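Peer 1: One structure follows; several queries about it will come next.
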Number of protein chains: 2
Amino acid sequence: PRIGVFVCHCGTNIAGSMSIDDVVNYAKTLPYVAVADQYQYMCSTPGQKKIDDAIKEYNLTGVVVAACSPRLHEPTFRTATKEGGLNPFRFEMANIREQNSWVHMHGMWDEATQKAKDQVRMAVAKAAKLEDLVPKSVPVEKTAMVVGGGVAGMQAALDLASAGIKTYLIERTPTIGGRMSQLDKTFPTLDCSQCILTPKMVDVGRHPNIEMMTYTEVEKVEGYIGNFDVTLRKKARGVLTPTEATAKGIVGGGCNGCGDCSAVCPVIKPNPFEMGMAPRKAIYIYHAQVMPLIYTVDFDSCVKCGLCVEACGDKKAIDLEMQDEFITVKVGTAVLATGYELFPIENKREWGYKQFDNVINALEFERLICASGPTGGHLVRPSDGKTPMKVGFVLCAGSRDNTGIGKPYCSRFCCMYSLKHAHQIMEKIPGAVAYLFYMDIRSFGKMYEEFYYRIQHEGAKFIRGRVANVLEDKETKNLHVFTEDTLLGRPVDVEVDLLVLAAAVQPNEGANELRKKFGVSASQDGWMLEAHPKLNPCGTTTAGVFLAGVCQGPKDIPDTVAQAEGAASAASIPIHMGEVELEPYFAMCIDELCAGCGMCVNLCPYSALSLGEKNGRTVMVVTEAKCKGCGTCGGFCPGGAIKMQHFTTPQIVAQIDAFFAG
Amino acid sequence: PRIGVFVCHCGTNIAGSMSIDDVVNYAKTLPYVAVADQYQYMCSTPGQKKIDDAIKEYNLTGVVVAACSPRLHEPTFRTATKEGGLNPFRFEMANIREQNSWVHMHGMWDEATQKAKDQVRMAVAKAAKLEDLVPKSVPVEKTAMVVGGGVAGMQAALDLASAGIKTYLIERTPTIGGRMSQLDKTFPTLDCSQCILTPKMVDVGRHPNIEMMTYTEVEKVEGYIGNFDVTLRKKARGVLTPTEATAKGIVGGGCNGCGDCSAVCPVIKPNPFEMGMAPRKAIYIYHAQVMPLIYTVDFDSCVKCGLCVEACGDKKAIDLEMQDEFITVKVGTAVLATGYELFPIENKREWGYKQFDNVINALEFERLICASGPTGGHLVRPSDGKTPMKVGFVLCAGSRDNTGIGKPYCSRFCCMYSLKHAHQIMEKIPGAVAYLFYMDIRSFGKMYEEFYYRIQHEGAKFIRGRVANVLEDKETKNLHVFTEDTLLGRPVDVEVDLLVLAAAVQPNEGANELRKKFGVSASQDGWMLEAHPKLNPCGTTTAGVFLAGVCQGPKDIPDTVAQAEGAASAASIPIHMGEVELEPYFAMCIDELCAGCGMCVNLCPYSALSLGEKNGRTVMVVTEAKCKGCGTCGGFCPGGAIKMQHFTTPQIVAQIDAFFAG
Ligand SMILES: Cc1cc2nc3c(=O)[nH]c(=O)nc-3n(C[C@H](O)[C@H](O)[C@H](O)COP(=O)(O)OP(=O)(O)OC[C@H]3O[C@@H](n4cnc5c(N)ncnc54)[C@H](O)[C@@H]3O)c2cc1C
Ligand SMILES: Cc1cc2nc3c(=O)[nH]c(=O)nc-3n(C[C@H](O)[C@H](O)[C@H](O)COP(=O)(O)OP(=O)(O)OC[C@H]3O[C@@H](n4cnc5c(N)ncnc54)[C@H](O)[C@@H]3O)c2cc1C
Ligand code: SF4
Ligand code: SF4
Ligand code: SF4
Ligand code: SF4
Ligand code: SF4
Ligand code: SF4
Ligand code: SF4
Ligand code: SF4
Ligand code: SF4
Ligand code: SF4
Ligand code: SF4
Ligand code: SF4
């Protein structure tokens with residue numbers, strides 16, 4: 001073997017901590033080293049040219065670069081090694097900047113030089129034993145899955161379908177739309193939410209390239225970037241679509257959404273779409289604008305009285321004995337768009353959320369103010385049904401809170417939606433006054449500051465003080481809000497008819513279960529984690545899975561849609577190519593060393609190992625597609641019958657031996 | 001003709017303002033009307049089914065729907081009309097909600113009913129004269145253009161190229177990278193900006209599907225969604241790349257970035273990359289990490305001394321007589337990513353930006369604190385070169401300002417970058433204190449609040465008061481910052497060694513010229529406008545043009561990258577299909593009525609009209625692809641020889657006549 005050692009200065013970031021000349025001379029005197037040389041910026045085009053010229057001149061077998069981190073510049077120098085007539089995987093780095101210079105800057109120079117010599121020696125020892133690998137290319141199934149039917153899921157599904165990829169849209173609830181379907185008007189443009197979204201819901205429902213699967217969950221996921229074998233649970237909806245009815249043999253059809261079933265059902269239960277304010281029968285739709293207008297049956301609350309089937313009549317859409325059906329679907333990529341729920345604000349006892357009647361939260365206020373809600377769009381007091389004339393908005397309710405009860409982060413949109421609600425009350429109830437108890441108004445987006453200016457102009461009162469506690473008047477049920485006006489410098493006691501809490505948001509229910517099924521990690525905040533927080537906010541570390549929407553962190557509908565289309569583009573990249581290259585770190589069983597004990601088989605989380613027949617002997621078989629290169633099996637096998645392709649035992653032991661060489 | 005009139009209630013939004021029964025009976029008695037009928041939600045699946053059943057039963061020629069706005073529900077009801085055996089364009093709406101109900105709610109009912117009858121009559125009169133149109137499909141060139149080589153432009157270009165579309169990346173400056181290349185570290189994770197971006201710059205420079213054209217501008221654009229004939233100005237760089245040198249015949253090569261030319265050049269000028277703090281020769285690169293390492297010549301400042309060519313020698317890369325070359329490129333879609341510049345804060349005289357030495361702005365501070373900047377990464381006072389020990393940060397400098405000098409909006413990232421700079425000074429200069437004069441700390445993004453907590457923990461002082469004015473001490477050159485501590489309730493006089501202004505951002509220089517070349521409008525704020533502010537933040541109203549990055553409004557690098565990938569996906573949608581359908585509103589010349597006067601030819605902004613030979617007669621010829629359907633020509637032509645396809649004179653005059661019918 002013939003190895004070249006190229007030591008970067010990183011423009012004095014390394015030459016200001018060690019003696020590069022001494023490191024280079026030591027590399028020259030090292031065994032197996034053909035050429036040792038240095039340059040100011042080895043990651044720059046003259047640096048790659050230097051590598052390539054050295055390879056051609058000295059007939060180099062391998063290249064060692066004493067530079068920054070591999071996690072930073074493996075692709076660069078692997079491509080530089082390829083261009084030059086070598087394999088990309090005859091290359092090895094020695095991290096002498098982020099683990100030598102930046103940590104041994106001060107007052108210790110010959111010690112850092114000795115550390116650099118040791119790292120270069122270990123790198124040369126490994127590279128003298130590296131050999132050729134070729135990355136595995138795997139086919140990509142031409143379908144995609146989008147979990148979540150909110151705005152982010154619908155946008156991602158429409159984007160993929162219009163790019164031409166067949167797409168599955170999984171929604172746990174009987175309708176698509178998400179939270180934006182519950183919103184009444186939207187900041188800062190004050191458009192009606194359903195009006196702007198109903199068009200896109202119709203597009204999703206009609207698109208031939210979208211397989212809209214509502215009221216369905218994801219039981220299990222196995223596979224990788226190539227093929228994800230996703231098992232879906234089709235929950236017993238209880239009612240048949242026209243297509244399914246015709247398939248089952250009923251010519252007359254399935255559900256046409258007439259409503260006779262819910263007209264005759266005698267069970268009455270709260271509506272989760274209306275946050276519980278409104279009744280709905282056992283057979284029901286959330287609202288009149290649901291996209292699949294198919295009238296789910298709630299089997300936890302149905303009493304099987306059979307009146308619904310008599311009402312449905314010849315359509316015969318209702319099957320009261322339906323059971324959870326399971327389907328297995330193979331997909332190439334997956335997009336996660338699970339959204340969010342409101343943090344449980346009844347834990348903050350000083351604001352009497354559950355204990356005082358006239359304290360509500362912002363999604364209940366949005367349903368109360370919507371014209372399609374339980375009221376006729378008239379905001380009335382829950383305690384007595386009278387119209388409020390003073391409304392308080394507690395901003396930051398459970399947010400930027402380090403006490404362990406609330407969330408330590410900002411929920412991003414709660415300042416903006418509180419401004420919207422203040423405007424809505426001041427314009428819908430004549431003479432009503434809105435009080436916002438705020439602590440940093442955050443109107444940062446496009447036209448947001450102008451919206452804030454307009455709300456103040458219309459006459460909302462802004463009191464800069466976090467609410468301390470809330471007391472309920474025993475007779476009028478009015479709410480006494482106690483805080484300090486920090487700018488005025490005095491305590492205040494504002495008595496309002498209705499108190500609205502701008503509660504924090506948290507990941508939806510079951511989101512952690514789903515992201516563990518797909519292999520995604522979590523952030524410090526508890527939201528799903530992205531591949532690189534700056535330059536890759538959509539992709540995750542597990543290949544073939546992408547994030548979209550509030551599930552990655554709270555955001556407004558504009559930012560959510562931008563993120564969703566970005567995720568759709570990233571998921572389309574490998575589908576359009578049809579190939580994708582895996583990293584050749586796989587385990588390879590050496591059969592004439594395997595003894596067939598089968599003990600390694602249970603050490604693989606991905607089930608890549610199995611016992612099979614080769615030449616009569618029972619040996620172990622690696623599904624090289626399923627292997628991920630962790631190395632657990634190869635670190636276990638006592639006989640050394642498992643070889644890890646770029647981190648083989650001879651290579652690692654050569655590194656150890658070179659460290660102890662003196 | 002046989003017309004069906006279907007009147008929506010919109011769920012009492014219309015039935016609570018007029019008498020729907022009376023409107024329906026009037027429609028029945030109208031001439032040409034075969035069936036008139038009503039439904040609660042005509043935009044819902046039972047509503048489309050009602051339309052289709054009526055069409056089939058009554059053999060309807062056309063459909064009139066008395067409902068919400070056409071701008072909201074033309075696609076829905078055109079598709080409903082298609083499904084049913086009609087042309088989509090035999091359909092016409094009568095807006096009786098947003099222009100009758102919501103504006104005549106109160107105390108006037110029979111008047112709103114009469115208005116509704118009039119609108120229905122006019123709609124029926126037009127629809128009785130509509131006839132069949134088929135949308136024009138035009139081919140899409142399989143290339144794309146990205147104007148701007150910042151993070152948003154580079155991300156969009158990489159996304160399109162990896163989707164497989166050939167892409168042009170136009171950058172006015174000699175290098176790609178943008179502002180993020182000038183940033184030293186990044187909030188909220190404190191990563192080195194160049195370290196995280198250099199990998200992506202290398203990808204862009206090496207991608208075979210990207211035609212990176214640096215130091216080039218867009219002279220003119222003509223065409224449409226199908227083919228954009230974009231003319232580029234290749235400014236005289238003065239130095240030849242190796243490829244261009246080999247093409248011109250120099251075998252030895254072009255520019256290898258050795259630096260001898262700038263080592264011998266005698267001219268010294270300010271470096272715009274370093275915001276003017278640092279010298280650079282007439283032949284130069286911005287920084288050592290520029291992607292095309294090709295050493296532009298600054299011809300406005302070169303004295304043609306010829307020392308550079310002697311230094312370059314046999315490489316012969318320098319051509320001092322080079323001129324602006326022009327190239328015409330045909331592209332299918334275009335992505336605009338022009339970025340931003342800092343608002344001129346010398347106009348705010350109370351903060352002595354240009355008049356006091358030790359007052360700088362945030363990009364100059366970022367260059368001063370970077371280790372690759374004019375200093376060795378050491379922040380020193382401009383007045384005397386001494387190290388500061390107290391640094392003030394004036395947040396909101398020129399922002400949320402309604403006086404007409406500053407900007408009325410929030411610049412989004414200035415609170416976050418000021419926190420980053422406070423951290424950087426407190427960690428780089430031991431014992432230095434950072435004072436932030438703030439008015440609403442805005443840490444809204446992911447991990448931003450935690451970053452704010454950490455900065456306060458490390459010990460930055462947060463004084464809630466907008467700076468009133470700044471006085472300079474005559475001898476020490478120290479800056480006396482005068483404001484009020486609004487929370488403390490007292491005026492303050494903080495004397496700092498260095499004052500940093502967190503200035504507002506504004507659209508880059510020439511951005512308005514470029515967006516007028518491409519046909520994009522502007523926002524209230526002055527940034528480029530998007531198609532729909534909520535559900536389409538990337539596309540513009542002009543088809544085939546998409547927005548990405550700060551050019552649409554200020555944003556952090558994460559949001560910018562999400563927007564850029566969203567724009568790349570939207571630009572890929574029509575390229576992957578290869579077809580795109582234009583709206584059949586074109587002008588069609590009736591030749592045996594045209595007299596060949598040629599006067600209409602100059603009334604077309606798009607040059608779709610011309611005089612041509614047909615049957616010996618000189619008549620007018622419409623390029624139906626170039627026509628956009630405005631109607632100026634057809635409203636001009638005295639002889640009525642131009643027909644507008646869905647808004648013909650007989651149709652409009654029938655509407656007028658029906659209005660005056662009693
Ligand atoms: C009170 C309030 C007012 C607001 N007002 C505005 C406003 O005026 N303007 C604005 O721009 N933004 C507003 N927002 C923010 C806005 O709601 C969000 O930006 C947006 O809804 C994000 O949508 P999403 O698709 O990411 O999540 P969601 O809308 O929550 O959608 C997630 C979807 O995924 C489904 N789902 C969840 N888990 C699973 C699972 N395991 N399997 C399958 N499906 C699953 C859910 O049922 C849901 O349908 C407001 C928020 C609140 C709370
Ligand atoms: C002082 C400061 C500190 C910041 N710190 C951070 C931070 O720590 N973290 C963070 O996330 N964000 C930070 N930001 C914000 C960040 O810089 C932006 O989010 C980001 O640079 C947006 O990039 P862009 O590509 O849209 O625009 P730009 O980076 O400005 O890129 C636009 C590019 O287009 C080119 N161009 C312009 N007009 C034309 C034209 N007509 N033809 C051709 N090319 C053209 C320009 O030359 C430029 O190369 C900071 C901003 C400032 C001012
Ligand atoms: S390869 Fe790493 S150490 Fe060398 S110049 Fe580039 S970033 Fe610096
Ligand atoms: S009665 Fe039958 S067809 Fe009508 S809504 Fe109920 S389930 Fe659907
Ligand atoms: S079976 Fe009875 S309880 Fe159940 S949905 Fe039908 S009517 Fe309601
Ligand atoms: S967005 Fe506003 S109300 Fe919501 S947590 Fe952040 S600062 Fe508080
Ligand atoms: S590879 Fe090792 S552990 Fe696995 S079956 Fe063979 S001998 Fe047993
Ligand atoms: S290295 Fe071994 S244990 Fe790890 S995934 Fe591959 S086969 Fe399974
Ligand atoms: S078509 Fe328009 S008016 Fe009719 S229900 Fe739908 S939104 Fe309302
Ligand atoms: S001397 Fe010639 S080859 Fe070297 S940097 Fe200058 S122009 Fe390029
Ligand atoms: S011609 Fe003279 S002034 Fe111009 S770049 Fe060359 S050395 Fe500098
Ligand atoms: S981001 Fe912060 S500093 Fe910048 S304008 Fe907005 S509030 Fe002021
Ligand atoms: S269409 Fe009319 S205006 Fe145009 S050339 Fe013919 S007669 Fe003249
Ligand atoms: S309608 Fe007439 S003037 Fe307008 S674009 Fe078409 S041809 Fe030109």
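Chain identifiers are assigned as A, B, and so on, following the order in which chains appear in the structure tokens; residues are numbered from 1 within each chain, and ligands are numbered from 1 in order of appearance.
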Show me which residues line ligand 4, defined as having an atom within 9 Å of a ligand atom where only C-alpha atoms and all ligand atoms count, and present them as an MDAnalysis selection string.
Peer 2: chainID A and resid 238:241 253:263 283:285 293:297 308:318
Peer 1: Could you dump the residues just selected with C-alpha atoms as a PDB file, in the first residue's frame?
Peer 2:
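Result went into part_29.pdb, see below:
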```
ATOM      1  CA  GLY A 238     -69.615   1.540   9.952  1.00  0.00           C
ATOM      2  CA  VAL A 239     -70.734   3.147   6.680  1.00  0.00           C
ATOM      3  CA  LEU A 240     -69.872   2.233   3.087  1.00  0.00           C
ATOM      4  CA  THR A 241     -68.792   4.632   0.376  1.00  0.00           C
ATOM      5  CA  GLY A 253     -74.999   2.868  -3.781  1.00  0.00           C
ATOM      6  CA  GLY A 254     -73.504   3.624  -0.413  1.00  0.00           C
ATOM      7  CA  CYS A 255     -73.529   6.882   1.525  1.00  0.00           C
ATOM      8  CA  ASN A 256     -74.722  10.053  -0.203  1.00  0.00           C
ATOM      9  CA  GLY A 257     -74.679  12.176   2.960  1.00  0.00           C
ATOM     10  CA  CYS A 258     -78.432  12.722   3.215  1.00  0.00           C
ATOM     11  CA  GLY A 259     -78.444  12.846   7.022  1.00  0.00           C
ATOM     12  CA  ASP A 260     -81.504  10.701   7.766  1.00  0.00           C
ATOM     13  CA  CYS A 261     -79.408   8.354   9.891  1.00  0.00           C
ATOM     14  CA  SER A 262     -78.301  11.116  12.240  1.00  0.00           C
ATOM     15  CA  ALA A 263     -81.815  12.538  12.102  1.00  0.00           C
ATOM     16  CA  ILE A 283     -73.702   8.333  13.538  1.00  0.00           C
ATOM     17  CA  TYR A 284     -72.326  11.665  12.511  1.00  0.00           C
ATOM     18  CA  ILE A 285     -70.086  13.975  10.550  1.00  0.00           C
ATOM     19  CA  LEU A 293     -69.145  13.091   3.394  1.00  0.00           C
ATOM     20  CA  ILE A 294     -69.592   9.518   4.587  1.00  0.00           C
ATOM     21  CA  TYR A 295     -71.070   9.664   8.120  1.00  0.00           C
ATOM     22  CA  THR A 296     -68.917   7.580  10.459  1.00  0.00           C
ATOM     23  CA  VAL A 297     -70.577   5.472  13.155  1.00  0.00           C
ATOM     24  CA  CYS A 308     -80.090   4.192  11.301  1.00  0.00           C
ATOM     25  CA  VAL A 309     -80.279   1.269   8.870  1.00  0.00           C
ATOM     26  CA  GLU A 310     -84.038   1.671   8.515  1.00  0.00           C
ATOM     27  CA  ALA A 311     -83.536   5.370   7.794  1.00  0.00           C
ATOM     28  CA  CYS A 312     -80.815   4.623   5.238  1.00  0.00           C
ATOM     29  CA  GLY A 313     -83.126   2.175   3.502  1.00  0.00           C
ATOM     30  CA  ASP A 314     -82.258   0.902   0.049  1.00  0.00           C
ATOM     31  CA  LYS A 315     -78.906   2.698   0.035  1.00  0.00           C
ATOM     32  CA  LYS A 316     -77.805   0.107   2.627  1.00  0.00           C
ATOM     33  CA  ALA A 317     -74.708   2.092   3.532  1.00  0.00           C
ATOM     34  CA  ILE A 318     -74.676   1.148   7.230  1.00  0.00           C
TER      35      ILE A 318
END
```
Peer 1: List every residue of range 106-311 of chain A that DSSP, applied to the backbone, labels as alpha helix (DSSP H), and write the result as a PyMOL selection string.
Peer 2: chain A and resi 110-127+151-163+193-206+242-248+260-264+307-311
Peer 1: Please write the residues from the selection above to a file, keeping C-alpha atoms, as a CSV table (one decimal), in the first residue's frame.
Peer 2:
```
chain,number,residue,atom,x,y,z
A,110,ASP,CA,4.0,20.5,21.8
A,111,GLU,CA,1.3,18.5,23.5
A,112,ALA,CA,-1.1,19.3,20.7
A,113,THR,CA,1.6,18.4,18.2
A,114,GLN,CA,2.1,15.0,19.8
A,115,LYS,CA,-1.7,14.5,19.8
A,116,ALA,CA,-1.8,15.4,16.1
A,117,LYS,CA,1.1,12.9,15.3
A,118,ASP,CA,-0.8,10.2,17.2
A,119,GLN,CA,-4.0,10.9,15.3
A,120,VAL,CA,-2.2,10.9,11.9
A,121,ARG,CA,-0.5,7.6,12.8
A,122,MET,CA,-3.8,6.0,13.7
A,123,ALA,CA,-5.4,7.3,10.5
A,124,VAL,CA,-2.6,6.0,8.3
A,125,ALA,CA,-2.8,2.6,10.1
A,126,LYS,CA,-6.5,2.3,9.2
A,127,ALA,CA,-6.1,3.6,5.7
A,151,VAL,CA,-53.1,21.6,5.7
A,152,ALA,CA,-49.5,20.3,5.7
A,153,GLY,CA,-50.5,16.8,4.9
A,154,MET,CA,-53.0,17.9,2.2
A,155,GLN,CA,-50.4,20.3,0.6
A,156,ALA,CA,-47.7,17.5,0.6
A,157,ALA,CA,-50.2,15.0,-0.9
A,158,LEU,CA,-51.3,17.4,-3.6
A,159,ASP,CA,-47.7,18.4,-4.4
A,160,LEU,CA,-46.6,14.8,-4.8
A,161,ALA,CA,-49.7,13.8,-6.8
A,162,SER,CA,-49.3,16.7,-9.2
A,163,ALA,CA,-45.6,15.8,-9.6
A,193,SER,CA,-60.6,29.6,6.8
A,194,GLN,CA,-63.1,27.1,5.3
A,195,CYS,CA,-63.6,29.2,2.2
A,196,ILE,CA,-59.8,29.3,1.4
A,197,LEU,CA,-59.4,25.6,2.3
A,198,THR,CA,-62.6,24.0,0.8
A,199,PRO,CA,-61.1,24.3,-2.7
A,200,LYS,CA,-58.0,22.4,-1.7
A,201,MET,CA,-60.0,19.8,0.1
A,202,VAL,CA,-62.0,19.2,-3.1
A,203,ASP,CA,-58.8,18.9,-5.1
A,204,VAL,CA,-57.5,16.3,-2.7
A,205,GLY,CA,-60.8,14.4,-2.8
A,206,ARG,CA,-60.9,14.4,-6.6
A,242,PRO,CA,-70.5,4.2,-3.0
A,243,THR,CA,-67.5,2.4,-4.5
A,244,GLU,CA,-67.2,-0.1,-1.6
A,245,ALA,CA,-71.0,-0.6,-1.7
A,246,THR,CA,-70.8,-1.5,-5.4
A,247,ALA,CA,-67.9,-3.7,-4.8
A,248,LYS,CA,-69.8,-5.6,-2.1
A,260,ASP,CA,-81.5,10.7,7.8
A,261,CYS,CA,-79.4,8.4,9.9
A,262,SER,CA,-78.3,11.1,12.2
A,263,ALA,CA,-81.8,12.5,12.1
A,264,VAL,CA,-83.1,9.4,13.7
A,307,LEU,CA,-82.9,2.9,13.5
A,308,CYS,CA,-80.1,4.2,11.3
A,309,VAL,CA,-80.3,1.3,8.9
A,310,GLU,CA,-84.0,1.7,8.5
A,311,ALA,CA,-83.5,5.4,7.8
```
Peer 1: Apply DSSP to the structure's backbone, then extract all residues of range 141-368 of chain A labelled strand (DSSP E) and return them as a count of residues only.
Peer 2: 62
Peer 1: Distance cut-off 6 Å, counting only C-alpha atoms - which residues of chain B neighbour chain A? Return them as an MDAnalysis selection string.
Peer 2: chainID B and resid 163 409:410 412 440 442 444 449 534 558 562:563 565:566 569 573
Peer 1: Set the cut-off to 8 Å, count only C-alpha atoms and all ligand atoms, and list whatever residues fall near ligand 14 as a short mmCIF file (atom, residue, chain, number, x, y, z; two decimals) with C-alpha atoms, in the first residue's frame.
Peer 2:
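Okay, selection-v8.cif is ready:
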```
data_model
loop_
_atom_site.label_atom_id
_atom_site.label_comp_id
_atom_site.auth_asym_id
_atom_site.auth_seq_id
_atom_site.Cartn_x
_atom_site.Cartn_y
_atom_site.Cartn_z
CA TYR B 585 -59.56 33.63 -22.86
CA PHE B 586 -57.52 34.44 -25.95
CA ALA B 587 -58.32 36.96 -28.65
CA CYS B 600 -54.60 47.21 -32.70
CA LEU B 603 -52.26 47.94 -28.00
CA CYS B 604 -50.88 44.57 -26.90
CA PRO B 605 -48.36 44.70 -24.05
CA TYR B 606 -47.30 41.15 -24.93
CA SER B 607 -46.85 41.72 -28.69
CA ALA B 608 -49.32 38.95 -29.46
CA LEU B 609 -50.75 40.85 -32.45
CA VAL B 622 -52.98 36.49 -32.94
CA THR B 623 -50.24 34.40 -31.38
CA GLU B 624 -52.71 32.57 -29.18
CA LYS B 626 -48.77 34.99 -26.23
CA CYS B 627 -52.27 36.38 -25.73
CA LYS B 628 -53.32 36.69 -22.09
CA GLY B 629 -57.00 37.53 -22.47
CA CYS B 630 -56.96 41.12 -21.21
CA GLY B 631 -59.25 42.34 -23.97
CA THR B 632 -57.66 45.68 -24.81
CA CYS B 633 -57.42 44.94 -28.53
CA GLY B 634 -60.96 43.61 -28.72
CA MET B 644 -62.72 37.62 -26.85
#
```
Peer 1: Tell me which protein, DNA and RNA residues are within 9 Å of range 225-229 of chain A, counting only C-alpha atoms, leaving out same-chain ones fewer than 6 positions away, and put them as number ranges by chain.
Peer 2: A: 138-141, 328-334, 542-545, 574, 579-580, 582, 625
Peer 1: How many Å separate CA of residue 357 in chain A from CA of residue 501 in chain A?
Peer 2: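 Result for CA of residue 357 in chain A versus CA of residue 501 in chain A: 13.0 Å, one decimal.
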Peer 1: Write out as a ChimeraX atom specification each polymer residue whose atoms come within 6 Å of range 504-508 of chain B, counting only C-alpha atoms; drop sequence neighbours fewer than 4 positions from it.
Peer 2: /B:340-343,398-399,411
Peer 1: To check your reading of the model: which residues sit at most 12 Å from ligand 7 when counting only C-alpha atoms and all ligand atoms? Write the answer as JSON, numbers by chain.
Peer 2: {"A": [587, 588, 589, 590, 591, 592, 593, 594, 595, 596, 597, 598, 599, 600, 601, 602, 603, 604, 608, 609, 610, 611, 612, 613, 617, 618, 619, 620, 621, 622, 632, 633, 634, 635, 636, 637, 638, 639, 640, 641, 642, 643, 644]}
Peer 1: Have a look at CA of residue 324 in chain A and atom 44 (N, counted along the ligand's line) of ligand 1 and let me know their distance in Å, one decimal.
Peer 2: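 Separating CA of residue 324 in chain A from atom 44 (N, counted along the ligand's line) of ligand 1 is a distance of 16.5 Å.
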Peer 1: Please determine, counting only C-alpha atoms and all ligand atoms, which residue among A:268, A:27, A:278, A:230 has the shortest atom-to-atom distance to ligand 5.
Peer 2: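 Closest residue, counting only C-alpha atoms and all ligand atoms: A:268.
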Peer 1: Taking 6 positions as the minimum chain separation for residues in the same chain, which residues sit within 8 Å of range 58-60 of chain A when counting only C-alpha atoms? Answer as a ChimeraX atom specification.
Peer 2: /A:1-4,34-35
Peer 1: Distance CA of residue 452 in chain B-CA of residue 419 in chain B, one decimal place?
Peer 2: 6.9 Å
Peer 1: Using only C-alpha atoms, determine which residues lie at most 12 Å from residue 213 in chain A, disregarding the query and same-chain residues fewer than 6 positions distant; provide the list as a list in words.
Peer 2: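 Those residues are residues 145, 146, 147, 148, 149, 157, 167, 168, 169, 170, 171, 172, 173, 174, 175, 176, 204, 205, 232, 233, 234, 235, 237, 241, 291, 292, 327 and 329 of chain A.
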Peer 1: Which residue out of B:282, B:277, B:429, B:547 has the minimum interatomic distance to ligand 10 when only C-alpha atoms and all ligand atoms are used?
Peer 2: B:282
